[PDB]
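Written out below as structure tokens is the structure these notes cover.
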Amino acid sequence: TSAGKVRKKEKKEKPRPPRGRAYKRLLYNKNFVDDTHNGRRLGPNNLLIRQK
Amino acid sequence: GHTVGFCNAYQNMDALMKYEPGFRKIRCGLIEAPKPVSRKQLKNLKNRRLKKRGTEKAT
Amino acid sequence: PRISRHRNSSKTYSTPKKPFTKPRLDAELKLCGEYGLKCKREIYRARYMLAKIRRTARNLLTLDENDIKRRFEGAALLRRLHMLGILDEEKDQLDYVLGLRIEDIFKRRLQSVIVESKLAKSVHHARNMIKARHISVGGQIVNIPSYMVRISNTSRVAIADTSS
Amino acid sequence: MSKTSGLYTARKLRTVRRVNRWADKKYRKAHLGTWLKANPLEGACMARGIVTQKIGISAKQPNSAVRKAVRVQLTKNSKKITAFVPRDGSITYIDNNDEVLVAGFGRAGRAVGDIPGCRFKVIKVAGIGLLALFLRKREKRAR
RNA sequence: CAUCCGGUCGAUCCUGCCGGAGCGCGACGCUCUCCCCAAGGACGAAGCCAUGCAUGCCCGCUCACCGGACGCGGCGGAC
RNA sequence: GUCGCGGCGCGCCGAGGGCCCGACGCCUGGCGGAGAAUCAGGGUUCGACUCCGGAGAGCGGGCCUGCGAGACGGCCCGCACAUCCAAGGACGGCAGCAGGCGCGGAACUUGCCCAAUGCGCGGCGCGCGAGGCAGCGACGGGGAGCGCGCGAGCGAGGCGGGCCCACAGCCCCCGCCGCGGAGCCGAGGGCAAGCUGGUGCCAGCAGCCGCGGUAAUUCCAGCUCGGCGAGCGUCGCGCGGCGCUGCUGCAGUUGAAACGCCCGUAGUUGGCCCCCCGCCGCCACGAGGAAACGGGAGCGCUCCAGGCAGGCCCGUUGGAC
Ligand SMILES: [Mg+2]
Ligand SMILES: [Mg+2]
Ligand SMILES: [Mg+2]
Ligand SMILES: [Mg+2]
Ligand SMILES: [Mg+2]
Ligand SMILES: [Mg+2]
Ligand SMILES: [Mg+2]
Ligand SMILES: [Mg+2]
Ligand SMILES: [Mg+2]
């Protein structure tokens, strides 16, 4: 009956990415040069599992 | 690299004294600039004087 | 009123009618990487200019060859295109214009001309060098990456004399 | 044919279209004037009013929920409307007899969603956006 | 610079509307490194107005004080 | 009578004038045009505001001066407001520039100067809240950037000198030190983009379809990912979408829709034929009549939004149309 009953983890500190044109460089390299079997998707479990 | 401008050459100093805006003379070392007075005070004085009658040289 | 009211102004670009289109996104990102473009407003500018040229060419082509207006306007348009290097010199017919494409516009940018001259290692390096004012055109320093070089100035592009 | 097509028939065609273009619901709603005189906002983006009662409204049959809304009275009209504050737990920020700014929903003047007979949204209270209060960008310690 | 997509059914084709996708004009909300241009109490209150400024100049007429004042007169104030 | 024609006014006479090719009346959150937004072509909507023209200066009337005003930063009256009074009297009109109250969703400094463009008067000048300069200003438009590379280099910023300026900033140039900072929306479909923890048809999301009654791919959080980007999102309006207002170009057996039938006036539409003349429409050309806007020729404001400049050895340099 109380609104807000539904409403804690800390933020992971990682280096900031290169903003500006640089972001376009890595995106270009992400999916036109650097590797992303079974075709390909964007961040499915299997791809994330390998990097972990 | 490149700078462009103007120049004005006068035959006599008297001619430069007549045909010439004042602020140019002031910028150059030709004359001295009296301390300017605020036009607001001048307008106030003019209105005050207009208010008076007859001989208003007092104000 | 203030004289500033009579100053003119206009936009320079157009946004696509359907934004989320996969092939378009892929092609735009490909071009951005190839020529190292900052954002997607530059592509829109290029498309705008190309559309203007194509519309002029269409209107002229609809008319007869011996129309005085056709001759006048086609001559001016061809002269501009040739001077700018967008169209090859050996083409002097209005039909060839409709086949032009934005990549031809891009190839005349300052980054491109200094890269094909082996004066820079990469488009990104070219942009960084241009910003720092180490480059000149005809003895005058130009720091605008999107500056377009005319054919007659292609051999006159060099490194700034005063740059370190 | 069915339509007149003679070279000297412009007047009839003009009159036919003039009469027949009043049959579109949208054209009537826009160019008739009744809606403008009936709309409490008189063709304005949003209005300013005073909340006087905080109430909860049930949803429709296929859904099951009680939505939080308030009753408002517009300053410039003195008429009554019902405006609904959507964001979670944002009713507790709204207090009785408070100044509010009320705007519309996506649709021009029809009900939106399962909320029955509600056509307005609360966006600002006491001069601070509700969206900003919900994200904790600002605090309402002035009230 | 000649574009469509989702929703009535156990499934299917239609009519037909609802909704989405673009541009511009304003208001609200978050945020904001540098330069250039630039609008700005019009939106059923042509409602109400403290305070200051917005139209002066000068040929004629000097026994004025030491010719400058002031005033008469002329032009303008209908732009 | 008027500067002047005229029912403009008065006397007399006669009877007329307008109307479905829409009179008269009523309404308008009605100034008009040059033009603006939108975008295959045909069109729809708007046009307070830069130029032209009209009208007004709290409402309604009257008048003097003057070539010219039925003028209001000129006068007289009534009405509605407002002010000072040593209570007998006197006095005012921001829809001019700043500023204030009220109202509203909504809108800036009670700044400096005539140096420029012009106007008034005038011989080596004065004045001008016209106008110019500065200040606030994410209405909005244009141009750069938060790195490249295995080391060097350049920004913003500060301290000084020039140039500019009516005085000062600003831009730009020269010297010494040198603050490198991205948000707003979303991740089921339309529509590009998925992993744990909570809650349990409650709380909440959702423009539409829909989710949530123990894996919630849709709520609240963390990770990750996508779009645009110094901008992003929400609300209302207009155009488009819409061949769902249809001239181009809809539909009318059954989906919404052919008057129960006939006569018939306005209205709309009307077979074939004459070789040349006149008249109407039509096509082409031309004269005449403001620009700005739009189109468009030429010119490297470092590019650009722009502007009409500019080069020396210039169509008479140019501003064509
Ligand atoms: Mg009116
Ligand atoms: Mg005017
Ligand atoms: Mg008047
Ligand atoms: Mg008057
Ligand atoms: Mg006044
Ligand atoms: Mg006047
Ligand atoms: Mg239909
Ligand atoms: Mg039936
Ligand atoms: Mg039927």
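Residue numbers (the authors' numbering), protein chains in the order written: chain e, 9 to 15, 20 to 48, 51 to 66; chain Y, 67 to 125; chain J, 2 to 165; chain X, 1 to 143. Cβ coordinates follow ideal geometry from the N, Cα and C atoms, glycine included.
- Only residues of its own chain outside the window of five on either side were considered, and among them 49, 50, 51, 52, 80, 81, 82, 83, 100, 102 and 120 have a CB closer than 8 angstroms to the CB of residue 72 of chain X, listed in chain order.
- Taken in chain order, the unbroken stretches of alpha helix (DSSP H) that lie wholly in the stretch 13 to 51 of chain X and span 4 residues or more are 25 to 31 and 34 to 38.
- By the neighbour-count definition (other C-beta atoms within 10 Å, threshold 16), residue 35 of chain e is an exposed residue.
- In the same chain as residue 42 of chain J, and ignoring 5 residues on each side of it, the C-beta atoms closer than 7 angstroms to its own belong to 14, in chain order.
- Looking at the DSSP output, residue 121 of chain X bridges to X:84 and X:103.
- Annotated three-state conformation of residue 131 of chain J is helix, per DSSP.
- Per the DSSP secondary-structure output, residue 110 of chain J pairs in a beta bridge with J:149.
- For residue 34 of chain e, the enclosing alpha helix (DSSP H) covers residues 33 to 44.
- Listed in chain order, the alpha helix (DSSP H) elements of length 4 or more contained wholly in the stretch 92 to 125 of chain Y are 105 to 117.
- Interface annotation for the stretch 80 to 94 of chain X against chain e: 88, 89, 90, 91 and 92, criterion Cβ-Cβ distance under 9 angstroms.
- Straight across, the Cα-Cα distance linking residue 89 of chain J with residue 83 of chain J is about 7 angstroms.
- Within chain e, the residues whose beta carbon sits less than 9 angstroms from that of residue 39 of chain J are 32, 33 and 36, listed in sequence order.
- Distance between residue 67 of chain X and residue 133 of chain X, taken at the CA atoms: about 19 angstroms.
- Residue 153 of chain J and residue 81 of chain Y have their C-alpha atoms some 49 angstroms from each other.
- For the beta strand (DSSP E) assignment, the stretch 28 to 87 of chain J encloses no uninterrupted run of at least 3 residues.
- Residue 70 of chain Y and residue 163 of chain J have their alpha carbons spaced roughly 20 angstroms apart.
- Burial is judged here by how many other beta carbons sit within 10 angstroms of a residue's own beta carbon; residue 111 of chain J has at least 16 and is buried.
- A distance below 6 angstroms between beta-carbons, with the five flanking residues on each side excluded, links residue 89 of chain X to no residue of its chain.
- Residue environment analysis places residue 122 of chain X among the buried positions, since at least 16 neighbouring C-beta atoms fall within 10 angstroms of its C-beta.
- Contact between the stretch 91 to 105 of chain J and the stretch 117 to 133 of chain J is absent, with fewer than three C-beta pairs closer than 8 angstroms.
- In the structure shown, residue 112 of chain X adopts coil according to DSSP, grouped into three states.
- Chain e has a Cβ within less than 8 angstroms of the Cβ of residue 125 of chain J.
- Near chain e, meaning a CB-to-CB distance below 8 angstroms, the residues of the stretch 11 to 37 of chain J are 30, 31, 33, 34 and 37.
- Residue 130 of chain X counts as buried, since at least 16 other C-beta atoms from the protein chains shown sit within 10 angstroms of its C-beta.
- If you look at residue 67 of chain X, you'll find it in the beta strand (DSSP E) that goes 66 to 74.
- C-alpha of residue 107 of chain X to C-alpha of residue 11 of chain e: approximately 28 angstroms in a straight line.
- Membership of residue 160 of chain J in the beta strand (DSSP E) is indicated by the continuous run 158 to 160.
- Counting C-beta pairs with one atom in each stretch, the stretch 132 to 144 of chain J and the stretch 64 to 84 of chain J have fewer than three that are closer than 8 angstroms, which means they do not touch.
- Under a criterion of Cβ atoms nearer than 9 angstroms, no residue of chain J is adjacent to residue 61 of chain e; the nearest Cβ is some 20 angstroms distant.
- Taking every protein chain shown into account, the CB of residue 33 of chain J has 16 or more other CB atoms within 10 angstroms, so this residue is buried.
- By the Cβ rule, the stretch 73 to 81 of chain J counts as touching the stretch 41 to 60 of chain J, because three or more pairs are nearer than 8 angstroms.
- Each residue's CA atom was taken as its position, placing residue 99 of chain Y and residue 92 of chain Y some 6 angstroms apart.
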